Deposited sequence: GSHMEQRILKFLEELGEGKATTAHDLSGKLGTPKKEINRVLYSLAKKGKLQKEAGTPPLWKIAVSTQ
């Protein structure tokens, strides 16, 4: 159900949603493989939505 809820960093999403950062990056890279999201370069990386 975590995927249904979800630029910003997974660092920010972890504190905003109260979820371990490991689980946030897991759903981001999954939906990024699903194409719905796109990752921008940064440290930590930036995450935006693809239209």
Unmodelled ranges, which are counted on the deposited sequence from position 1 and given in order: 1-2, 9-19, 65-67
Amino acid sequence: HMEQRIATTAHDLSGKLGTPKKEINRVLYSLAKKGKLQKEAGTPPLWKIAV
From here on, numbers count along this sequence of modelled residues.
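Between two forms, the rigid core is defined as the largest C-alpha subset superposing within 1.5 Å.
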Comparing 34-42 and 21-29 where Cα RMS over structures and residues is taken in 6 other deposited structures of this protein (core fit), larger one: 34-42
